[PDB]
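Just data.pdb here, PDB, C-alpha atoms:
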```pdb
ATOM      1  CA  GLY A  17       6.730  -9.371  -8.816  1.00  0.00           C
ATOM      2  CA  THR A  18       9.496  -9.071  -6.228  1.00  0.00           C
ATOM      3  CA  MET A  19       8.420 -11.368  -3.392  1.00  0.00           C
ATOM      4  CA  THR A  20       6.026 -14.079  -2.352  1.00  0.00           C
ATOM      5  CA  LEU A  21       3.003 -13.530  -0.129  1.00  0.00           C
ATOM      6  CA  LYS A  22       4.777 -15.312   2.751  1.00  0.00           C
ATOM      7  CA  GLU A  23       7.824 -13.063   2.359  1.00  0.00           C
ATOM      8  CA  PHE A  24       5.698  -9.910   2.294  1.00  0.00           C
ATOM      9  CA  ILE A  25       3.684 -10.833   5.388  1.00  0.00           C
ATOM     10  CA  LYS A  26       6.893 -11.769   7.249  1.00  0.00           C
ATOM     11  CA  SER A  27       7.962  -8.145   6.776  1.00  0.00           C
ATOM     12  CA  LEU A  28       4.836  -6.458   8.123  1.00  0.00           C
ATOM     13  CA  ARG A  29       4.463  -5.482  11.724  1.00  0.00           C
ATOM     14  CA  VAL A  30       2.019  -7.821  13.471  1.00  0.00           C
ATOM     15  CA  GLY A  31      -0.492  -5.005  13.820  1.00  0.00           C
ATOM     16  CA  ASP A  32      -0.175  -4.126  10.134  1.00  0.00           C
ATOM     17  CA  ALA A  33      -0.634  -7.758   9.120  1.00  0.00           C
ATOM     18  CA  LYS A  34      -3.838  -7.946  11.164  1.00  0.00           C
ATOM     19  CA  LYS A  35      -5.022  -4.838   9.319  1.00  0.00           C
ATOM     20  CA  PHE A  36      -3.977  -6.393   5.993  1.00  0.00           C
ATOM     21  CA  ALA A  37      -6.043  -9.515   6.672  1.00  0.00           C
ATOM     22  CA  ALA A  38      -8.938  -7.248   7.638  1.00  0.00           C
ATOM     23  CA  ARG A  39      -8.629  -5.229   4.411  1.00  0.00           C
ATOM     24  CA  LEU A  40      -8.667  -8.453   2.368  1.00  0.00           C
ATOM     25  CA  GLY A  41     -11.860  -9.629   4.055  1.00  0.00           C
ATOM     26  CA  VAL A  42     -10.150 -12.673   5.593  1.00  0.00           C
ATOM     27  CA  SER A  43      -9.096 -13.774   9.079  1.00  0.00           C
ATOM     28  CA  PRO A  44      -5.379 -13.758   9.988  1.00  0.00           C
ATOM     29  CA  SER A  45      -5.606 -17.562  10.034  1.00  0.00           C
ATOM     30  CA  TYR A  46      -6.912 -17.763   6.469  1.00  0.00           C
ATOM     31  CA  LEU A  47      -4.263 -15.275   5.333  1.00  0.00           C
ATOM     32  CA  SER A  48      -1.611 -17.486   6.933  1.00  0.00           C
ATOM     33  CA  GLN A  49      -3.023 -20.569   5.227  1.00  0.00           C
ATOM     34  CA  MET A  50      -2.937 -18.689   1.913  1.00  0.00           C
ATOM     35  CA  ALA A  51       0.670 -17.598   2.467  1.00  0.00           C
ATOM     36  CA  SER A  52       1.753 -21.096   3.526  1.00  0.00           C
ATOM     37  CA  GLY A  53       0.156 -22.734   0.476  1.00  0.00           C
ATOM     38  CA  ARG A  54      -2.394 -24.672   2.522  1.00  0.00           C
ATOM     39  CA  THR A  55      -5.367 -23.187   0.635  1.00  0.00           C
ATOM     40  CA  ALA A  56      -5.897 -21.609  -2.784  1.00  0.00           C
ATOM     41  CA  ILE A  57      -5.771 -17.875  -3.417  1.00  0.00           C
ATOM     42  CA  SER A  58      -8.827 -17.125  -5.502  1.00  0.00           C
ATOM     43  CA  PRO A  59      -8.270 -15.167  -8.734  1.00  0.00           C
ATOM     44  CA  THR A  60     -10.059 -12.122  -7.296  1.00  0.00           C
ATOM     45  CA  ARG A  61      -8.128 -12.244  -4.040  1.00  0.00           C
ATOM     46  CA  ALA A  62      -4.914 -12.457  -6.044  1.00  0.00           C
ATOM     47  CA  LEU A  63      -5.927  -9.239  -7.809  1.00  0.00           C
ATOM     48  CA  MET A  64      -6.712  -7.719  -4.410  1.00  0.00           C
ATOM     49  CA  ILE A  65      -3.299  -8.666  -2.998  1.00  0.00           C
ATOM     50  CA  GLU A  66      -1.504  -7.475  -6.129  1.00  0.00           C
ATOM     51  CA  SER A  67      -3.213  -4.078  -5.976  1.00  0.00           C
ATOM     52  CA  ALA A  68      -2.711  -3.757  -2.198  1.00  0.00           C
ATOM     53  CA  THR A  69       1.033  -4.504  -2.400  1.00  0.00           C
ATOM     54  CA  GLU A  70       1.459  -2.140  -5.404  1.00  0.00           C
ATOM     55  CA  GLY A  71       2.548  -5.114  -7.489  1.00  0.00           C
ATOM     56  CA  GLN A  72       5.169  -6.427  -5.057  1.00  0.00           C
ATOM     57  CA  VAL A  73       3.235  -9.695  -4.649  1.00  0.00           C
ATOM     58  CA  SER A  74       1.878 -10.235  -8.142  1.00  0.00           C
ATOM     59  CA  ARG A  75      -0.622 -12.686  -9.571  1.00  0.00           C
ATOM     60  CA  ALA A  76       2.309 -14.735 -10.887  1.00  0.00           C
ATOM     61  CA  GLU A  77       3.494 -15.410  -7.336  1.00  0.00           C
ATOM     62  CA  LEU A  78      -0.063 -15.979  -6.070  1.00  0.00           C
ATOM     63  CA  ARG A  79      -1.192 -18.439  -8.777  1.00  0.00           C
ATOM     64  CA  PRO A  80       2.203 -19.763  -9.921  1.00  0.00           C
ATOM     65  CA  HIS A  81       0.855 -22.804 -11.747  1.00  0.00           C
ATOM     66  CA  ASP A  82      -1.933 -21.278 -13.806  1.00  0.00           C
ATOM     67  CA  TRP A  83      -1.550 -17.482 -13.971  1.00  0.00           C
ATOM     68  CA  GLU A  84      -0.728 -17.726 -17.686  1.00  0.00           C
ATOM     69  CA  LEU A  85      -4.131 -19.351 -18.236  1.00  0.00           C
ATOM     70  CA  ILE A  86      -6.285 -17.183 -15.963  1.00  0.00           C
ATOM     71  CA  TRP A  87      -4.791 -13.942 -17.324  1.00  0.00           C
ATOM     72  CA  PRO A  88      -3.365 -14.564 -20.815  1.00  0.00           C
ATOM     73  CA  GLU A  89      -3.248 -10.792 -21.314  1.00  0.00           C
ATOM     74  CA  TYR A  90      -1.072 -10.236 -18.224  1.00  0.00           C
ATOM     75  CA  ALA A  91       1.636 -12.253 -19.982  1.00  0.00           C
TER
END
```
Will you turn the file into structure tokens for me?
Amino acid sequence: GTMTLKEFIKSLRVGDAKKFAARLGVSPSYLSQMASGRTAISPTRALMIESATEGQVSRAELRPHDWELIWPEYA
């Protein structure tokens, strides 16, 4: 990918980021905790974020320490 989840959210307008949290089925607080590394991004939600950002925030940035194991085919 090109950027981290935190970097991508930083770039959205506040209104857009509230809509992005809504689209992901999470609260803006939970999205923030995900972007700040305070809680895990589930494998499915990583796929959701990857597809929503057209690959800009990829599963490798969202599960940096075990993406090679969860998706051996992606590598």
(request) Check the smallest atom-to-atom distance from each of A:86, A:78, A:56, A:37 to residue 25 of chain A using all atoms listed in the file, then report the winner. (result)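 Checking each candidate against residue 25 of chain A, we get A:37 as the closest.
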(request) Take atom CA of residue 19 of chain A and atom CA of residue 73 of chain A and report the distance between them in Å, one decimal. (result) 5.6 Å
(request) Give me, please, the distance in Å between atom CA of residue 18 of chain A and atom CA of residue 71 of chain A, quoted to one decimal. (result) 8.1 Å
(request) Convert the output of the PyMOL selection byres ((chain A and resi 74) around 10) on the shown file into explicit residues, formatted as a PyMOL selection string. (result) chain A and resi 17-21+62-73+75-80+83
(request) State, in Å with one decimal place, the distance from atom CA of residue 58 of chain A to atom CA of residue 43 of chain A. (result) 15.0 Å
(message) Starting from the PyMOL selection byres ((chain A and resi 48) around 12), expand the selection into actual residues of this file and give them as a list in words.
(response)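 Evaluating the PyMOL selection byres ((chain A and resi 48) around 12) on this file yields residues 21, 22, 23, 24, 25, 26, 33, 34, 36, 37, 42, 43, 44, 45, 46, 47, 49, 50, 51, 52, 53, 54, 55, 56 and 57 of chain A.
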(message) Between A:59, A:35, A:40, A:30, which residue has the minimum interatomic distance to residue 87 of chain A, considering all atoms listed in the file?
(response)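 Going through A:59, A:35, A:40, A:30 one by one, the smallest distance to residue 87 of chain A is for A:59.
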Size and centre in Å, one decimal, axis-aligned box, all listed segment 18-23 of chain A atoms plus 3 Å per side, as JSON:
```
{"center_x": 6.2, "center_y": -12.2, "center_z": -1.7, "size_x": 12.5, "size_y": 12.2, "size_z": 15.0}
```
